[PDB]
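The structure appears right after this line, and notes come after that.
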Amino acid sequence: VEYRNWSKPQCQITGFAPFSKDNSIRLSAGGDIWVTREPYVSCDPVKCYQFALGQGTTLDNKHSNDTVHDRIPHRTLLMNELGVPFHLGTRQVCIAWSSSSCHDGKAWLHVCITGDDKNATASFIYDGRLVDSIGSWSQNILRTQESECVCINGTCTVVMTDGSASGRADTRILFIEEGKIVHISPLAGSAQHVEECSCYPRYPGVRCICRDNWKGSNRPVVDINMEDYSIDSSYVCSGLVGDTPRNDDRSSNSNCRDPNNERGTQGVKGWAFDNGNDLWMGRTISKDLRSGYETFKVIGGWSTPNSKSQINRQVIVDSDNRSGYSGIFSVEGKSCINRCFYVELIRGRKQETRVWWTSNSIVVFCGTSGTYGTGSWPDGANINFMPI
Ligand SMILES: *[C@@H]1O[C@H](CO)[C@@H](O[C@@H]2O[C@H](CO)[C@@H](O[C@@H]3O[C@H](CO[C@H]4O[C@H](CO)[C@@H](O)[C@H](O)[C@@H]4O)[C@@H](O)[C@H](O[C@H]4O[C@H](CO)[C@@H](O)[C@H](O)[C@@H]4O)[C@@H]3O)[C@H](O)[C@H]2NC(C)=O)[C@H](O)[C@H]1NC(C)=O
Ligand SMILES: CC(=O)N[C@H]1[C@H]([C@H](O)[C@H](O)CO)O[C@H](P(=O)(O)O)C[C@@H]1O
Ligand SMILES: *[C@@H]1O[C@H](CO)[C@@H](O)[C@H](O)[C@H]1NC(C)=O
Ligand SMILES: *[C@@H]1O[C@H](CO)[C@@H](O)[C@H](O)[C@H]1NC(C)=O
Ligand SMILES: *[C@@H]1O[C@H](CO)[C@@H](O)[C@H](O)[C@H]1NC(C)=O
Ligand SMILES: [Ca+2]
């Protein structure tokens, strides 16, 4: 077996088609399913897997109480073949309250982060063994992507950040070969806050669309040159804008260079990808809450500042239903490399108070160059039937 180099043109896509759904919450009311959050999907050269950060407990378990908290020592990274829900036979790959995994064509790489907030540690697990580790450099919650990393020719990139959640932070891009950190580049360019990057290969580089939790409702971009380790960053040009909270398609802007300062605080992990001068993107339908989910193409959303000409829209989750994080994953086809995405459907505590736990399910779509129809695919569980 040889290393993945992802050197195939990006497939032309018409939109996205239904791919997978796990119905975990619906199943949690009549079975032993893990309580999770921050899921993602990634594929090796033969098949795809679904990942998620568990909460060290099943749902119909008193231990599910107050699982709104994000960082506890019992969080582990779960990994199952795409489509099989997180039941008791699931493998906990490592201890992690924040993670990222990707396959280089020869073996899996998992970057798992646990520990105290002020002194977390990230373990780099490659081919089943712990190969390296690094400690917090800013003493303030070392965190990573919450989606897949990408490898070209045997070198994998993962962006990480340590520092303020709503203030200046220290973001770096590590390069790792066979689990070993061979280089670290600090962030450069004009992005002001970078978190939860959704990266994809763009031979010979890697491009990431991230979360600005400080000053922007528009999304930062991070360009990584695999050849010399040089970084560059900006914000997506699209005047449509993909963070939540955000302004209003009417009063939202982006100049491609700086955080727009329009309801900048907070956000949600999301994605987007360029296609010539256009941009394919996805976001919650609601501008205030993590509700509904839609995707569309923005004519010129990549190259022209504040472009708002939308086309090819699709509703993935109707606006009366809950959504959450979303990220991207790439899959190698016979002649081109395709782009797909998953969307986390959060249920429970925070918005829903009948129960005491917080967990999620997922639904995933893959681009298509063919035809498609219409629909809506939400979680599906009736909160009134749920335990707790
Ligand atoms: C973030 O995480 C890191 C990594 O885990 C922590 O660093 C470790 O901190 C511990 C505690 O200080 C270190 O272990 C201790 O080493 C001491 C020796 O080092 C000092 O003294 C020698 C003297 O020759 C100097 O050369 C050296 O420079 C140091 O000044 C031991 O004496 C310690 O044992 C004694 O104290 C402990 C409690 O601390 C008692 O329980 C023991 O009984 C004993 O009395 C201990 O072995 C460790 O070496 C550090 N690791 C590294 C790699 O540096 C950070 O502290 C942590 N930061 C925060 C804020 O949490
Ligand atoms: C490592 C970590 O705790 N990540 C958490 C992030 C993080 O708090 C923000 O990105 C601010 O940096 O928040 C999300 P959410 O609260 O948006 O739902 C839950 C995550 O577990
Ligand atoms: C990428 O890998 C394939 C299959 O190994 C190989 O044929 C191709 O030449 C490689 N291309 C580049 C640019 O690395
Ligand atoms: C990948 O490897 C092939 C063969 O070594 C090389 O020609 C190509 O330029 C490399 N690409 C990158 C991005 O390193
Ligand atoms: C969850 O915890 C709170 C106190 O922390 C308690 O009042 C509540 O009843 C618990 N939920 C259940 C279902 O026991
Ligand atoms: Ca924001």
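Quick note on the working numbering: the sequence shown kicks off at 176 and runs consecutively. We put the beta carbon where it would ideally sit given N, CA and C, even for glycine.
Spatial distance of residue i from residue j (CA atoms)
| i | j | result |
| --- | --- | --- |
| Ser426 | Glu371 | 26 Å |
| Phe350 | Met561 | 44 Å |
| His244 | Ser505 | 30 Å |
| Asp345 | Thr546 | 44 Å |
| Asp403 | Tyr378 | 14 Å |
| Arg522 | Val411 | 30 Å |
| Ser494 | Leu464 | 10 Å |
| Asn435 | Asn428 | 6 Å |
| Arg212 | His238 | 15 Å |
| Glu519 | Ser536 | 6 Å |
| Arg524 | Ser409 | 35 Å |
| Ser203 | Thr528 | 17 Å |
| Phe448 | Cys383 | 9 Å |
| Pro260 | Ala556 | 15 Å |
| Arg343 | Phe194 | 39 Å |
| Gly502 | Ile563 | 30 Å |
| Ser510 | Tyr375 | 17 Å |
| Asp219 | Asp279 | 8 Å |
| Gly190 | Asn487 | 7 Å |
| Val176 | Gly329 | 12 Å |
| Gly206 | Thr336 | 37 Å |
| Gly338 | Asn315 | 5 Å |
| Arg266 | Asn180 | 28 Å |
| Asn240 | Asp292 | 22 Å |
| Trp552 | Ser199 | 13 Å |
| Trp477 | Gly258 | 33 Å |
| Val325 | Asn400 | 12 Å |
| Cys515 | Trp272 | 24 Å |
| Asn422 | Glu437 | 6 Å |
Any non-hydrogen atom of ligand 4 closer than 7 Å to residue i Cβ
| i | result |
| --- | --- |
| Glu352 | no |
| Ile327 | yes |
| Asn496 | no |
Rounded Cβ spacing between residue i and residue j (contact assumed at less than 8 Å)
| i | j | result |
| --- | --- | --- |
| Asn481 | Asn430 | 7 Å |
| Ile406 | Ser360 | 5 Å |
| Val334 | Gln320 | 6 Å |
| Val381 | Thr332 | 5 Å |
| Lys462 | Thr419 | 7 Å |
| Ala295 | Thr289 | 7 Å |
| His249 | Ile208 | Contact doesn't hold; Cβ gap of about 16 Å is too wide. |
| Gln225 | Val210 | With a Cβ gap of about 15 Å, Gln225 and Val210 do not count as contacting. |
| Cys269 | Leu252 | 5 Å |
Closer than 7 Å: residue i CB and nearest ligand 1 heavy atom
| i | result |
| --- | --- |
| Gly380 | no |
| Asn294 | yes |
| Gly338 | no |
Check: residue i C-beta below 7 Å from any heavy atom of ligand 5
| i | result |
| --- | --- |
| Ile247 | no |
| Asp235 | no |
| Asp291 | no |
| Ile558 | no |
| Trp531 | yes |
| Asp241 | yes |
| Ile521 | no |
Any non-hydrogen atom of ligand 2 closer than 7 Å to residue i Cβ
| i | result |
| --- | --- |
| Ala271 | no |
| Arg343 | no |
| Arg318 | yes |
| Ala366 | no |
| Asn388 | yes |
Residue i beta carbon near ligand 6 (any heavy atom closer than 7 Å)
| i | result |
| --- | --- |
| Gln267 | no |
Residue i CB to nearest heavy atom of ligand 3 below 7 Å
| i | result |
| --- | --- |
| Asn198 | no |
| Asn400 | no |
| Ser505 | no |
- Contact between the stretch 383-398 and the stretch 360-367: three or more CB pairs below 8 Å? These segments touch.
- Task: Would you be able to state if there are at least three C-beta pairs under 8 Å between the stretch 344-361 and the stretch 296-305?
- Result: Judged by pairs of C-beta atoms under 8 Å, the stretch 296-305 touches the stretch 344-361, as three or more such pairs exist.
- Message: My parser needs the beta strand (DSSP E) runs of 3 or more residues fully inside the stretch 376-413; what are they?
- Response: Fully enclosed beta strand (DSSP E) runs of 3 or longer: 380-386, 395-400, 406-410.
- Taking three-plus beta-carbon pairs below 8 Å as touching, is the stretch 178-190 in contact with the stretch 526-538? The stretch 526-538 and the stretch 178-190 do not touch, with fewer than three beta-carbon pairs separated by less than 8 Å.
- Query: Which whole runs of the alpha helix (DSSP H) in the stretch 192-264 are 4 residues long or more, in chain order?
  - Reply: As far as the stretch 192-264 is concerned, its whole alpha helix (DSSP H) runs of at least 4 residues are 199-203.
- Do the stretch 465-478 and the stretch 449-457 meet, that is, are 3 or more Cβ pairs less than 8 Å apart? By the Cβ criterion, the stretch 465-478 is in contact with the stretch 449-457, since at least three pairs of Cβ atoms, one from each stretch, lie closer than 8 Å.
- Inside the stretch 478-507 only - beta strand (DSSP E) runs reaching at least 3 residues: Runs found: 485-497, 501-507.
- Message: Quick check for students: name the residue ranges of the beta strand (DSSP E) that lie wholly in the stretch 260-340, counting only runs of 3 or more.
- Response: The stretch 260-340 contains these whole beta strand (DSSP E) runs: 266-270, 273-278, 283-289, 296-301, 304-310, 325-327, 330-338.
- Query: Hey, which residues come within less than 6 Å of ligand 7, measuring from Cβ to any heavy atom, in chain order?
  - Reply: Annotation note on ligand 7: not contained in the displayed structure, which lists ligand 1, ligand 2, ligand 3, ligand 4, ligand 5 and ligand 6 as its ligands.
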